[PDB]
Amino acid sequence: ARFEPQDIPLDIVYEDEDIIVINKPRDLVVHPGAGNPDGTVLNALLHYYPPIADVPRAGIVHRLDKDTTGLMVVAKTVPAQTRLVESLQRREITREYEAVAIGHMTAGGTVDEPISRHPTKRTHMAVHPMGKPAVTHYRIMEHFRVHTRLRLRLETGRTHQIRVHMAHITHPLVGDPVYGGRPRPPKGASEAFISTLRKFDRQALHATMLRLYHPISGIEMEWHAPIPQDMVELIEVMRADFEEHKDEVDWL
């Protein structure tokens, strides 16, 4: 019926009788919708494992934005999807992210502020007392001159949660076309740094680790998806920049 199977390759990190874990690339929408009638992960799943059509929403139980990269777990069976959905309702699935945010941040922390649709900018979400409760925990992994590398964990999983929470505290993600502004390279940034930053055109956000109790066996399982090349390049040039500006002697 409606949604058709499409020959769209998926990077399957792990698969067993009950679940499939994939590492989703950028430019790939998870579920069909306005402006995205097809060419989604759902379409890819129908093609890869047709029996998944007997599972609600092709076994899709959580999502990532079109241009967010990384891990997602999909149910292959009805029992598996009901349990996985329950696990999410109970906030028992660990979803960790690596991100690069604008600005020098000095401390890790928690953003606990509700989220709802921006009333005016229909492409945006917003922090609002009346929104759905949302909690994001974040740690600073590394300092750059005017950017910061973070690792975040989702307690709740609302729409654009990490992107809107980070923007809320004044540190939107690098490359975010919605919450971010124009790139701002630090004074004296190398040409390599300036252009790599300027050309980075998606939220610098990656679903890096996923841990859960297997829906059928109960065994705790954990997966990791390597930081994608675009972000590797971004982080490495920012790192080289910070080091180069450190106040230390260059021994010959």
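Numbers here simply count residues along the sequence, with the first being 1. Note that these values count all heavy atoms, side chains included, but never hydrogens, waters or copies made by symmetry.
A salt bridge is absent between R151 and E142: the closest approach of a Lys/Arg side-chain nitrogen to an acidic carboxylate oxygen does not fall below 4.0 angstrom.
Here the CD1 atom belonging to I52 is positioned 5.0 Å from the CG atom belonging to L45, to the nearest 0.5 angstrom. A distance of 10.0 Å separates NE2 in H160 from CD1 in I115, rounded to the nearest 0.5 Å. The structure places CZ of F242 at 12.0 Å from CZ of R149, a figure rounded to the nearest 0.5 Å.
Between the side chains of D38 and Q6, at least one donor N or O sits under 3.5 Å from an acceptor N or O. Side-chain contact of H137 with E155: a donor-acceptor pair under 3.5 Å is present, judged by distance alone. Side-chain N/O atoms of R57 and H31 include no donor and acceptor closer than 3.5 Å. For the 3.5 Å distance criterion, the side chains of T69 and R202 qualify, holding a donor opposite an acceptor. When only modelled atom types and interatomic distance are considered, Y49 and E15 share no side-chain donor-acceptor pair under 3.5 Å. Counted by atom type alone, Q161 and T156 present one or more donor-acceptor pairs between their side chains at under 3.5 Å.
Between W223 and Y14, the two ring planes are tilted [angle within 30° to 60°].
Within a 6.0 Å radius of CZ in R239, more than 12 heavy atoms belonging to other residues, nucleotides or ligands are found.
Considering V74, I60, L42, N36 in turn, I60 is the only one that fulfils the side-chain contact (heavy atoms from CB on, under 4.5 Å) rule with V30. Partner of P183 under the side-chain contact (heavy atoms from CB on, under 4.5 Å) criterion, out of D201, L197, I194, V174: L197 alone.
Remark: side-chain polar atoms of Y179 are not paired, donor with acceptor, to backbone N or O of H165 under 3.5 angstrom.
Side-chain contact check for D241 versus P186: some heavy-atom pair is nearer than 4.5 Å. Annotation: side chain of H147 is not in contact with side chain of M105 (no heavy-atom distance under 4.5 Å). A 4.5 Å side-chain heavy-atom check between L210 and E222 finds every atom pair outside the cut-off. Counting heavy atoms from C-beta on, the side chains of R184 and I102 come closer than 4.5 Å.
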Assess whether salt bridge (charged side-chain N to carboxylate O under 4.0 Å, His left out) is satisfied between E233 and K199, documenting all intermediate values. CA-CA 11 Å; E233 277 162 20; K199 302 320 156 310; over 6 Å; no

